[PDB]
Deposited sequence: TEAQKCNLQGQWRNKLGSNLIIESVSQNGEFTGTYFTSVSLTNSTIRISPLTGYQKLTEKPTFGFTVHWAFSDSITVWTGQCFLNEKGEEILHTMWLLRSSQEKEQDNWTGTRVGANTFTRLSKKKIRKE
């Protein structure tokens, strides 16, 4: 356990984060399955650092919606010795007009643990 993000993860909302083999340069791909909404299987792409307790970020391209979410976070080993992802996210909604842009960005935080 050294925070190679590869594998399946869940958050408290019940969403599933599936991350593939991390490339030599830290790039990864995967799949996001969400139970909440403002059933979707959506692709993601991002990067992780190659260090101990890596930082990372990724974008989910929500299927059948005009929204996008980005997450960024860092992986740590908790007190019980297990890997936890601490994240914060921005959820962008599509606005009809430029003047409505101020309303288009939600923010939040979630922790992921392994399935």
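**Study point:** Segments lacking C-alpha coordinates (deposited sequence numbering, starting at 1)
**Key:** In sequence order, the gaps with no modelled C-alpha are 1 to 3, 42 to 45, 123 to 130.
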